[PDB]
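Take a look at this single chain, the form deposited in one PDB entry, given in structure tokens.
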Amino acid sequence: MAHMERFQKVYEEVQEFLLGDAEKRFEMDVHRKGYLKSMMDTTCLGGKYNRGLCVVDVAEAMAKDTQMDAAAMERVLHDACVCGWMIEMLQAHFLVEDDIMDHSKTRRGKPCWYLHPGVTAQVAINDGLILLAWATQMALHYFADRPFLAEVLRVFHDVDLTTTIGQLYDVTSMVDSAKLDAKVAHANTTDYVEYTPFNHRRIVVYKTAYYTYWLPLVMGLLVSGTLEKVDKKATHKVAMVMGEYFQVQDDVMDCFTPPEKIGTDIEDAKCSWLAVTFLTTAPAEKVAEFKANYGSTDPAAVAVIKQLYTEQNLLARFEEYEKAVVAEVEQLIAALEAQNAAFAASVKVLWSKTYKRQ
């Protein structure tokens, strides 16, 4: 951990600023102030803060790689926690909104924010918008005298964009893209036309890889003032490789591990690494059976799909994929190390947090 202490304290610090700023600016009352506090805690807390804490570990390793008096170092660590929370708030913004779009039931053991008894979708959609707003507010306030403010905004807002596009690709893949037309319905169920391993790749990259991997790394570099020290290209590729792997692994785990949440990809008819890899490689009659049973809440259907995946050896094949990814990541790190050991060491520890999640 190490930076968990520091990170949770900045949250409390940031919460108080954010609520206080609303009282100052928008005549905020005690009742709704209290509502926004429960809103923040419920949507932003619970996770393991891997993405936020990445900003911190990156920043630390870069500032430790220069000669910095404790004072500058402490400012770099605080600034890294604020970027960290910007990303956690960005994510939380996308979970809130995405749970409403998908009519999802639960989120980390609990009902989705919009299904909290005294919230409702009507309030929750705007709640989502407040969290995004707040992310920019942190930067505007905490980085007001920092040379990296313009860059943080640019890169954070490009990733907001990137992720909305990944979102677009993920909710417009139910039907052959050629039939997509605002003023004509195709409705209900998928035809699997877009369900190609490449299109899945396109989805995960924009929807997940940038905000989960690329954004923490760069904010890391931006707050520590070390962006010009590393190759843009290599930073992008390694973010993409890890980002791809992480989702491929989350997809496999949804279906394959006990794990003690309840995995719901099959019944939701998710465009998953499992689904796309199966559809493009399995024998003809298997494909027929898959299509007959996919995207059903019925537990018999779900069990058939899982049995089809097992017969296709998809678990062992993932581990093959995993091993091919190990090779790539290790190659990309070794290449980064030749340019800056501090950053590469950092990337080596973010890999160890992604690799073989259990």
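Just so we're on the same page, rigid core means the largest C-alpha set that superposes within 1.5 Å between forms. In this text, residue numbers run from 1 along the sequence as written.
The following text describes the form deposited in another entry, which does not appear among the structures shown.
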Residue among 172, 126, 164, 189 with C-alpha shift of 2 Å or more between this form and the one not shown, core superposed: 189
Threshold 2 Å Cα movement between this form and the one not shown for residue 269, core superposed: yes
Post core alignment: residue 299 C-alpha displaced by 2 Å or more between this form and the one not shown: yes
In that other deposited form, shift in Cα separation for residue 188 relative to residue 276, 3 Å or more: closer
Direction of Cα pair change residue 188-residue 274 in that other deposited form, magnitude 3 angstroms or more: closer
